[PDB]
C-alpha cells in the first residue's frame, strides 16, 4: 500500500506539462491502496479548523504553490465530509458546528449541539471510540497542542453538557448536573483522570491545580489526585523522552504548558487594508517555542513508541490545535506555522504506518474556518495581510467574517484523507459521524 511520494509540480511551471503533479496513470496505484483487512491500529490526526483553504495557504507559503506537503498531501484516498451540528431545542441542523459538537460526532457517532461533549441533544452520554478501544484491550493515546481540557482532546474522555466545564469550579457553576458534589461524573479534568488512557500529552496544567469538591480525593488538587492514582507526570521534553513504559498500571500524563502549548511562528495580526498599507510579512520562528517543550511531531513519535508495545493494537488521536485559534485571531503566521507543525506529525505517523502495514491513518479537520486567499490588490472590508512566500511572490490572506475580536469558523464541507486498511471509506461524500463507524469497524470493535 503506497503513500504518494511526490506530487509537487514535476518541472517548469511556465512550460507545457511542467505544473503537472502526476507522472503517469494512477489506476494501478489506487487498486494497490484498497484493502478491507482489519486495522490493528488507528492514528487519527486533526487539524482544528484546517479546511481546504487553510491547507492551500500553508502550502503556498511554506512549499510554494507547486510544492507538496510530505505528510498532509501524501494520503492517497481523499473525499469531502460534512460536519453540521444540531440545534439543541429543535433538533434541526445548525450549519456551523463548534469544536465540541464536531469532536463528539466522530468520537461517538451521534450528532449533538454546539458546546456539548460526549452527550447527545437530550444530554445522554454515549461511549467514545477511546473508551470502546480501551474496553477491548487496545492501548489508547490522546495528544494535542491545546489545553487537554479543550474541546478536541476532551470529547474522547468526558461527557459534560458544556465544553466550558474545565475543572471543579467552572463545572459547579456551568454543569451542575455533572458536578461531582451534586452526584455527577465530574468536570472534564476529573473525567479525564478517570478515563485513564495510556498516553495523554498536551497543555492545560493550570486546571490541574484546582481541588476536588468531593469524592475520594476531596481537598487534593487534581495534580495530587493524578499522582495518587498512579499516573506518571512529565512536564518537559527530557522527562518525556525518559519514559519507557506507559500502560494501565503506569499511565502517562504529560502537561507541557499552563494553557495551550507555544505557537511555532510569530507574525503580526492581519489588519484593515493591511495588504495595501503595510509591507509583506515574512513569518519568523517563535523564540519561546523551546528545546524544552516537545513538538507535536515529538509527542506523536513518543506516543507511537509506547502505544506500540501493546500486542492488541492501539488507537491514537493527535491534534494540531492552534491552526483554529490563530485563524480566529486573524494571524496568518500563527495559523500557517501550526499547519506546518501538523504536517511533521502526519509524516511520523505515515512512516510508522508504512512499515507496520496494519495502521489506518486519517487526516482531517473538525470544521472549516475563516481565512481566504485573495488577489494581492484586494480592497476588503475585513482584516488582510500580504505574505512573502517560498516562491518569492506575495500571497494575500483575508479574514472577513467578523466585526468582533474573533473570526468565525465556517460550515463548508472539507477534505478527509486516509491511508491503510479501510481507507476507502473516506472517499466520496461522507459525514463526520461516518468516521466513528469507519474507525469502529476497521478496528473490529463490537
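Numbering follows the first chain given and starts at 1.
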Next on the checklist: Can you tell me whether 202-210 has a higher mean C-alpha B factor than 360-368 in this record, or the other way round?
Outcome noted: 202-210
Checklist entry - Looking only at CA atoms, which has the higher mean B factor in the entry: 54-62 or 382-390? => result 382-390
Checklist entry - Highest Cα B-factor in the PDB entry belongs to which of 217, 314, 265, 113? => result 217
Checklist entry - Per the entry, which of 222, 329, 156, 318 tops the list for Cα B factor? => result 222
Checklist entry - Comparing residue 41 with the other modelled residues of its chain, is its CA B-factor in the lowest, middle or highest third? => result middle
Item to check | residue 34 CA temperature factor, ranked by third within the chain | outcome: highest
Checklist outcome for this item: In terms of its chain's C-alpha B-factors, the third that includes residue 337 is the lowest
Item to check | Position of residue 26 among the chain's modelled residues by C-alpha B-factor, lowest, middle or highest third | outcome: middle
Checklist entry - Mind checking which third residue 230 falls in for C-alpha B-factor across the chain? => result highest
